[PDB]
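What follows is a single structure, written as structure tokens, with notes after it.
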Amino acid sequence: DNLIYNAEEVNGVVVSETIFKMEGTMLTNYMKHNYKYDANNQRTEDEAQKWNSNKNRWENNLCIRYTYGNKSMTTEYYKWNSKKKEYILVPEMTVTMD
């Protein structure tokens, strides 16, 4: 609710979206979602980056991946690890619904 959105569109689909906080008129970066789609144009990733003002950069955090079965979508959640420099799966949180 204290948040402001700007979306980047390419060929009808949002490839990215940026979320800011606003002190008055000045916007300050907060989170950035980078999205990927398949050929059928359904969403496949949703990488969630956080703004680290003090290092002044976008830092990898969470990433969700969607899989479409014929009766079922499966969503898997990954967390970024610095020391490995990889998005690691948290299978504990995986969900499968119809």
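Along the sequence shown, residues are numbered consecutively beginning with 1. Only heavy atoms go into these numbers, but all of them, side chains included; no hydrogens, no water, no symmetry mates.
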**Message:** Run the side-chain contact (heavy atoms from CB on, under 4.5 Å) test on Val95 and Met93 for me, step by step, so that the C-alpha distance in whole Å, both residues' side-chain angles and the decisive distance to 0.1 Å come before the verdict.
**Reply:** CA-CA 6 Å; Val95 168; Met93 294 287 301; over 6 Å; no

Please check if [X] and [Y] belong to a single hydrophobic cluster, counting links between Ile, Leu, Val, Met, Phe, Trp and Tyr side chain heavy atoms closer than 4.5 Å.
{"X": "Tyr68", "Y": "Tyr37", "result": "no"}
{"X": "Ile64", "Y": "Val90", "result": "yes"}
{"X": "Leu3", "Y": "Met31", "result": "yes"}

**Prompt:** Does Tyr87 have its ring centroid less than 6.0 Å away from the ring centroid of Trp80?
**Reply:**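 Between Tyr87 and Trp80, the centre distance is under 6.0 Å.
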
**Request:** List the steps, then state whether side-chain contact (heavy atoms from CB on, under 4.5 Å) holds for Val15 with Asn34.
**Result:** CA-CA 6 Å; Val15 179; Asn34 302 308; over 6 Å; no

**Request:** Please lay out, stage by stage, how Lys79 and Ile88 fare under the test side-chain contact (heavy atoms from CB on, under 4.5 Å).
**Result:** CA-CA 5 Å; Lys79 189 147 218 323; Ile88 298 167; 5.8 Å; no

**Item:** Sidechain N-carboxylate O distance under 4.0 Å for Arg43, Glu45
**Value:**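 Here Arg43 does not pair with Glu45 in a salt bridge, since their nearest N and O are not under 4.0 Å apart.
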
**Asked** Under 3.5 Å, is there a donor-acceptor pair between the side chain of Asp38 and the main chain of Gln42?
**Response** yes

**Prompt:** Counting only N and O atoms by type, is there a donor-acceptor contact under 3.5 Å from the side chain of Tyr35 to the main-chain atoms of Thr44?
**Reply:**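 Not a single qualifying donor-acceptor pair exists.
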
**Item:** Step-by-step side-chain hydrogen bond (donor to acceptor under 3.5 Å, both in side chains) determination, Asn81 to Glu86
**Value:** CA-CA 6 Å; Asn81 178 353; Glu86 295 184 17; over 6 Å; no

**Request:** Answer yes or no: does atom CD of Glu23 have more than 12 heavy-atom neighbours from other residues, nucleotides or ligands under 6.0 Å?
**Result:**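 No.
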
**Message:** Counting neighbours of CG on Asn11 that are heavy atoms of other residues, nucleotides or ligands and sit closer than 6.0 Å, is the number greater than 12?
**Reply:**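 12 or below, so no.
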
Distance in Å, [X] [atom1] paired with [Y] [atom2], rounded so as to fall on 0.5 Å steps:
{"X": "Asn61", "Y": "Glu47", "atom1": "CG", "atom2": "CD", "result": "10.0 Å"}
{"X": "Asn29", "Y": "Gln49", "atom1": "CG", "atom2": "CD", "result": "11.0 Å"}
{"X": "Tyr77", "Y": "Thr94", "atom1": "OH", "atom2": "OG1", "result": "8.5 Å"}
{"X": "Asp46", "Y": "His33", "atom1": "CG", "atom2": "NE2", "result": "5.0 Å"}
{"X": "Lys32", "Y": "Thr18", "atom1": "NZ", "atom2": "OG1", "result": "6.0 Å"}
{"X": "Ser72", "Y": "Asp98", "atom1": "OG", "atom2": "CG", "result": "6.0 Å"}

**Request:** Might you work through the side-chain contact (heavy atoms from CB on, under 4.5 Å) test for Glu8 and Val14, ending with a clear yes or no?
**Result:** CA-CA 5 Å; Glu8 168 184 352; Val14 294; over 6 Å; no

**Item:** Distance-only side-chain donor-acceptor flag, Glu17 / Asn6, under 3.5 Å
**Value:**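 There is no such pair between these side chains.
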
**Request:** Scan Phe20, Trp58, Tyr30 and name whichever one has a ring-ring contact (aromatic ring centres under 6.0 Å, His included) with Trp51.
**Result:** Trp58

